[PDB]
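The structure appears below as structure tokens.
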Amino acid sequence: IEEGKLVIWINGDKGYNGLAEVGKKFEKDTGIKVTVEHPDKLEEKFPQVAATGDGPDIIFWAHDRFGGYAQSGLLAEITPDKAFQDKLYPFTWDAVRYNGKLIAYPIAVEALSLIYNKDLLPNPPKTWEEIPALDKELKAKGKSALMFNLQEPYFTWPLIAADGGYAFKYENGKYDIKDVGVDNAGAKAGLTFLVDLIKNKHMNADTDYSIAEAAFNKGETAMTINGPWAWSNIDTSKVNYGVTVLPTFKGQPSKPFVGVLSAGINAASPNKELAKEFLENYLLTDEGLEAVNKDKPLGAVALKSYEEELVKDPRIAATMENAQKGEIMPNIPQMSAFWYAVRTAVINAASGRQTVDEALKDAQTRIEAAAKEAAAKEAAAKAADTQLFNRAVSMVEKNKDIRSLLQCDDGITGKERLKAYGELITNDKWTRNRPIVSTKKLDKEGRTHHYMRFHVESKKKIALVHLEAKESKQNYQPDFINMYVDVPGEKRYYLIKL
């Protein structure tokens, strides 16, 4: 990655010519060249090139893919101040957090809405419960009330979640991956309502994306559930349509999954401050987003000032309302198990191959099984820190010069047993437990650097040890490249220098 310029990757269905115009304005004002590219499979290539210290400085993609990048240490923690954060809707910041850290800037927000035919239905239903009666009325006119894709859980989840289903619990700013909400009472109630619509012939278990789109766009059904990617085909159909809040179920909003197009900074980039400057001062502004939107519509946006302009279009207002009431898509890898399992559950419940309770219990079990590891990854990460600490403690306590600085009680009867432990303030947080931890950065070459501090104590002195270790390409264990000890009243002592 070249220092003093920015390279940006974004998908080829986005407004990349518009983004390139924001880049040319940045360059006009600052002298810094901005190059926008839209390589195919950028989301698969990114983690491969970033790990070698290559790739773009900034990547734009749906927020949920960034959890895996962050787990791999490939995204830099971003540093917007609180004034900047207050310029975006607060829920959007929840979509770009991993391990308690902000790892991308939210740009736009997408979610399913209720799309309705204003000529058949000028007053669409506020509740799911009223849809059976409305269908009876529309059936008498040779129409139906509602058709939408029943094959895919992304489309059926909004109803299943409404009364309390959820993929994984989000609480205290993070996911509890072992806390899955697929076979709880809320999910059962929503899926039973869906299956009852099918049993009562208000919907057909075979309806899929194409069949529902064709019925709505031909004026055969009064409503569908779909997202903003579908609006252009309806425009061509000339159906007189509106877009509105999804119906409530048991008095609770339907909860569609929310996707937040976000901009992440490559952890290996030598241009992190330039990327922040571009993103905060040029892109996430009314003028910057307008330029992107004019090329290809962003939909609803995270930036309050520009969203307040876009909602002149009530369809955009509806996307945002549904998104604010929705479930942010989780950014953790066990969602692959969620999709696989809930897809079978909903198909089987809708076909009658299983009951709702059996279908959802089987799904819940499969997801929990998938979630049983993942402890393992953070456990292994912690054990890597414990190994760095134990190696460093051994080096320090074997060093004659450091023992002397610590005024160790050593002599013919024995050597003093030193204690070692972490700090009371760790990453600016009160930690009475004195934890052993490192922080990580990626260098220009994509190699991981680990930074750790800990105390060593003799009866006479308590010192602070600092170390930096660098990932090895030959060995599992990293190499120490810097290590020093500050003993009060003494000169800093380097065990390893540079």
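Position 1 is the first residue of the sequence, and the numbers go up from there. What you see below is based on every heavy atom in this structure, not just the backbone, and it leaves out hydrogens, waters and symmetry mates.
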Does [X] use its side chain to pair, donor to acceptor, with the backbone of [Y] at less than 3.5 Å?
X: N427; Y: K429; answer: no
X: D385; Y: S438; answer: yes
X: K33; Y: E27; answer: no
X: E129; Y: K250; answer: yes
X: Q151; Y: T207; answer: yes
X: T192; Y: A189; answer: no
X: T224; Y: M147; answer: yes
X: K296; Y: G18; answer: no
X: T285; Y: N281; answer: no
X: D295; Y: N17; answer: yes

Looking at side-chain heavy atoms only, is the closest gap between [X] and [Y] below 4.5 Å?
X: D57; Y: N266; value: no
X: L283; Y: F60; value: yes
X: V346; Y: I160; value: yes
X: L112; Y: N322; value: no
X: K139; Y: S144; value: yes
X: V292; Y: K14; value: no
X: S254; Y: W157; value: no
X: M320; Y: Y89; value: yes

Audit row: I115, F216, side chain to side chain contact (heavy atoms under 4.5 Å, CB included) steps and yes/no = CA-CA 9 Å; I115 300 178; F216 187 80; 3.8 Å; yes
ask   = Do the ring planes of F257 and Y154 sit parallel (below 30°), tilted (30 to 60°) or perpendicular (above 60°)?
value =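 Geometry flag for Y154 against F257: parallel rings.
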inquiry  = Using the rule given for side chain to side chain contact (heavy atoms under 4.5 Å, CB included), can you reason through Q354 versus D362, listing the C-alpha separation, both sets of side-chain angles and the distance that settles it, and then say yes or no?
reply    = CA-CA 10 Å; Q354 298 182 279; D362 287 348; 2.8 Å; yes
More than 12 non-hydrogen atoms from neighbouring residues, nucleotides or ligands closer than 6.0 Å to [atom1] on [X], yes or no?
X: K5; atom1: NZ; result: yes
X: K136; atom1: NZ; result: no
X: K440; atom1: NZ; result: yes
X: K372; atom1: NZ; result: no
X: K304; atom1: NZ; result: yes
X: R366; atom1: CZ; result: no
X: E309; atom1: CD; result: no

Measuring from atom [atom1] of [X] to atom [atom2] of [Y], what distance do you get when rounded to the nearest 0.5 angstrom?
X: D54; Y: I1; atom1: CG; atom2: CD1; value: 6.5 Å
X: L360; Y: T355; atom1: CG; atom2: OG1; value: 8.5 Å
X: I8; Y: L42; atom1: CD1; atom2: CG; value: 12.5 Å
X: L289; Y: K294; atom1: CG; atom2: NZ; value: 15.0 Å
X: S269; Y: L75; atom1: OG; atom2: CG; value: 11.0 Å
X: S237; Y: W231; atom1: OG; atom2: CH2; value: 14.5 Å

query = Can the ring centres of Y175 and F168 be said to be less than 6.0 Å apart?
reply =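 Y175 vs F168: aromatic centres not under 6.0 Å.
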task = Flag the pair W229 / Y209 as yes when their ring centroid distance falls below 6.0 Å, and as no otherwise.
result =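 Centroid separation for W229 and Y209: 6.0 Å or greater.
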With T156, the side chain to side chain contact (heavy atoms under 4.5 Å, CB included) member among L194, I225, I347 =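 Only match with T156 under side chain to side chain contact (heavy atoms under 4.5 Å, CB included): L194.
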task = Identify the residue among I58, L284, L303 that makes a side chain to side chain contact (heavy atoms under 4.5 Å, CB included) with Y105.
result =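 When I58, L284, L303 are each tested with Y105, the side chain to side chain contact (heavy atoms under 4.5 Å, CB included) holds only for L284.
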Which heavy atom of [X] sits nearest to which heavy atom of [Y], and what is that distance?
X: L279; Y: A263; answer: CD2-CB, 3.8 Å
X: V180; Y: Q364; answer: O-NE2, 3.0 Å
X: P106; Y: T92; answer: CG-O, 3.5 Å
X: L310; Y: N293; answer: CD2-ND2, 4.2 Å
X: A145; Y: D135; answer: N-OD1, 2.9 Å
X: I177; Y: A371; answer: O-CB, 3.4 Å

request  = May I ask you to decide whether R343 forms a salt bridge with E152, counting only side-chain N to carboxylate O separations under 4.0 Å?
outcome  =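 Looking at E152 together with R343, the answer is yes, because their closest N to O distance falls below 4.0 Å.
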message = Is there a side chain to side chain contact (heavy atoms under 4.5 Å, CB included) between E373 and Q334? Walk through the geometry before answering.
response = CA-CA 10 Å; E373 179 147 80; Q334 291 79 17; over 6 Å; no
ask   = If we ignore angles and hydrogens, is there a donor and acceptor under 3.5 Å between the side chains of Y241 and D235?
value =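 Yes, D235 and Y241 have a side-chain donor paired with an acceptor closer than 3.5 Å.
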ask   = Under 3.5 Å, is there a donor-acceptor pair linking the side chains of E290 and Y306?
value =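 Checked: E290/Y306 side chains show no N/O donor-acceptor pair below 3.5 Å.
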request  = Give the intermediate values and the outcome of side chain to side chain contact (heavy atoms under 4.5 Å, CB included) for residues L102 and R97.
outcome  = CA-CA 5 Å; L102 295 175; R97 291 187 182 274; 3.4 Å; yes
task = Begin from the C-alpha positions of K441 and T439 and carry the test side-chain hydrogen bond (donor to acceptor under 3.5 Å, both in side chains) through to its verdict.
result = CA-CA 7 Å; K441 296 192 195 145; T439 55; over 6 Å; no
